[PDB]
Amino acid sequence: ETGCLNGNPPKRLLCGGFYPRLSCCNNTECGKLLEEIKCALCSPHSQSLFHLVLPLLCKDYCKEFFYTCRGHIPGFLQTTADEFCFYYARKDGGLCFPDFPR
């Protein structure tokens, strides 16, 4: 199931706080969330995470991201969390971002 957005699968050993052993590679709370989402490219399931360009978000994390970054991101005041997560969160509850413990 693992796969990088590159051609080759991940390599076991820089986003090391999220994917230390194997990978593909503001002071606000929204900034920390933007760091986490930034490190989604280095995920071993990044090819499956990417099927605003964001990985398939978990529902709870999608609500948390929307409410935490609303007002800092253009257009988040122009939509509800239900529609935003309807477009960006994964529905089946399977493999979603974040795919690391938190």
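Numbering starts at 1 and runs along the sequence shown.
Enquirer: Can you count, per the entry, how many deposited residues between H51 and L52 come without coordinates? Answer none, 1 to 3, 4 to 9, or 10 or more.
Expert: Gap between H51 and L52: 10 or more unmodelled residues.
Enquirer: From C25 on to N26, does the model leave out none, 1 to 3, 4 to 9, or 10 or more residues of the deposited sequence?
Expert: Per the deposited record, the segment joining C25 and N26 lacks coordinates for 10 or more residues.
Enquirer: Tell me which of 58-66 and 72-80 has the higher mean C-alpha B-factor in the deposited entry.
Expert: Looking at the record's C-alpha B-factors, the answer is 72-80.
Enquirer: Would you mind ranking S46 by its C-alpha B-factor against the rest of the chain and naming the third, lowest, middle or highest?
Expert: Lowest third.
Enquirer: In terms of the CA temperature factor given in the entry, to which third of its chain does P101 belong: lowest, middle or highest?
Expert: CA B-factor rank for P101: middle third.
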